[PDB]
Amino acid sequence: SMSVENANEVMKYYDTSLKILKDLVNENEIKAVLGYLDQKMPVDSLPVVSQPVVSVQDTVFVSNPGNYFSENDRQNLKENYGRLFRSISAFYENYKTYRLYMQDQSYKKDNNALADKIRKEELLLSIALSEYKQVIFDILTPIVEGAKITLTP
């Protein structure tokens, strides 16, 4: 009864996680942004690539896992989502900065120092985005199986 209601909340959290992680971490878009950071890309060819904006209430829900999860699972989910939201922001904001700095010829003033700083950081962020997404699914799928046990009469 108290476990049945907790199990229903785990299913809601998993379903929201599935939807939000599909739209937030767009692997092919991430790869396309890395290609746009290439040294041989014509500066005037750099396109605008907007950050995906998912449901804000879904973001709040997954960012604050309830006490139905163990304190350890709750902390690991909260940490990985927090890092994932900050990393998403950095990845798309760094590309916006990069595009404006290349197109207004600011790169000539610092001999591409900011271009190389951004390229290195974007590569690290791209790996980390896929890592946080997989870590969240890996925490949840055994708990989800546990919730299915509680919900199968």
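Residue numbers here begin at 1 and follow the sequence given.
- request: Return whichever of 86 to 94 and 110 to 118 has the greater mean Cα B factor according to the PDB record.
  value: According to the entry, 110 to 118 carries the higher average C-alpha B-factor.
query: Comparing 65 to 73 with 119 to 127, which has the greater mean CA B-factor as deposited?
result: On average, C-alpha B-factors are higher across 65 to 73.
Ranked C-alpha temperature factor of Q39 among modelled chain residues, by third: For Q39, the deposited C-alpha B-factor lands in the lowest third.
message: For the chain shown, is the CA B-factor of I20 in the lowest, middle or highest third of its modelled residues?
response: For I20, the deposited C-alpha B-factor lands in the middle third.
- request: Name the third of the chain's ranked CA B-factors that contains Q105, choosing lowest, middle or highest.
  value: According to the entry, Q105 has a C-alpha B-factor in the chain's highest third.
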